[PDB]
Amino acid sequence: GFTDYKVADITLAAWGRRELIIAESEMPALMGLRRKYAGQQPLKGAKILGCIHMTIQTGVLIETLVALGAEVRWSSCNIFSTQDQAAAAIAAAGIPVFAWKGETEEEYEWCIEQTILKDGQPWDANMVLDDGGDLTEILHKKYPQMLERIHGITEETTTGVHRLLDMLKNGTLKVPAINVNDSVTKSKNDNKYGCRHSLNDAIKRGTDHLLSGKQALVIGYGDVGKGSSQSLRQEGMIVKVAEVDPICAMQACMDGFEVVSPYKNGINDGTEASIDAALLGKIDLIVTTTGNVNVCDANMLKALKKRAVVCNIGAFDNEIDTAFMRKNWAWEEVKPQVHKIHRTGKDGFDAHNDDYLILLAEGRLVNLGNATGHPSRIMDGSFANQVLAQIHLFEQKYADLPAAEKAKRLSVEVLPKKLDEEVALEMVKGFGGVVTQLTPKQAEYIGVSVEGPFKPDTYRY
């Protein structure tokens, strides 16, 4: 028997497999790569450490990497994001996976360690697929010898890419990386439209609250903030937006949102006097989207309207000051990943107290913690990029290069625009969309190939 896994319930595997078969039909770009490359086995010999939300969508990614010849050892990059039926289906296929919904922090770290170690010794990994950079950091700090044999890292998300660029600037990055996030078929698909789909989904599953007619404050208006604001406005919320970037704030104004600060004149002096108590006393829902720290701070939480919902769809659990809430206020679990936080004091609560907030997913990614994250047809884009990135770095064989050649290739790069366009075309055909083919006269006129690429690398879409 296969035993090299740890999942909540292996008996969920048949359900997981039914959902994987549906997901394949929703992921034409990823299934296109399976069909194109299966014969050629471009990841034969690849041994991939994977750390990304163990969802049905990640299951189709894993089985694509395996279909192209890879071996993998997998964990989730978040304690609440695993779909237990997806983890079970992957374990039942004989793939090492260590993931369940509702891990402790200690279990989270143990699951990553179970991917790194096989039978008590470092696995002979030669590739990394990461979401958020925790596995990347553990390899660099705790297993630096393993990075001598690793050809590359493919990084999913905005925050993970920031961490790679910090290592590259400091000369501590040991292997090259592909920034998957900044493909247009990732950043301007997943980060925006994924949150559009999944933020209102997660709030409805957690609370079943009406959103129409209520007041929201979205902190941030990057790709996640844009999609989150639309998720709420399209339901009929009155959405206000906070930003530190005046260009993003300009976009929020033109998109029909009022731009406000939680702080008087936008200045946080650290005192309660700097809080716009009148603004926050009218807010029914706060959503953090920044990838920054303490953007929904203790003084903001004290000033929020009674019975406001608080949630985070960006970075870790520290966009909201959940540590302040754990120390000072009394938590009542409604159901998993839904807590009433009683502002009456730190110990006991009255079941009928009216002065509480509702926190979703303990301040962790709400779309994955309270629903199922982005849908298959959106993750198709992200995960087709991940597969292309794995193929590219594995074929370059960085770990085998002489030192002089390594020095030239030690970088954090995006995939070429031609590949971003090829992913997009498969996504468009999935919708039954028909792209026009330029005439040679038209291609000459605008200075492009009929085949593309269609835009210069400066183009922002």
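Position 1 is the first residue in the sequence shown; the rest follow in order.
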| item | value |
| --- | --- |
| 392 to 400 versus 429 to 437 - greater average Cα B-factor per the deposited record | 392 to 400 |
| Stretch exceeding the other in mean C-alpha B-factor - 146 to 154, 274 to 282 | 146 to 154 |
| Most elevated Cα B-factor in the entry, residues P262, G314, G369, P122 | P122 |
| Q442, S449, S25, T11, ranked by C-alpha B-factor: the highest one | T11 |
| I203, C-alpha B-factor rank within chain (lowest, middle or highest third) | lowest |
| Within-chain third of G94 by Cα B-factor, per the entry | highest |
| Third assignment of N299 from its chain's C-alpha B-factors | middle |
| Ranked against its chain, the third holding the CA B-factor of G171 | highest |
| Lowest, middle or highest third - CA B-factor, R364 | middle |
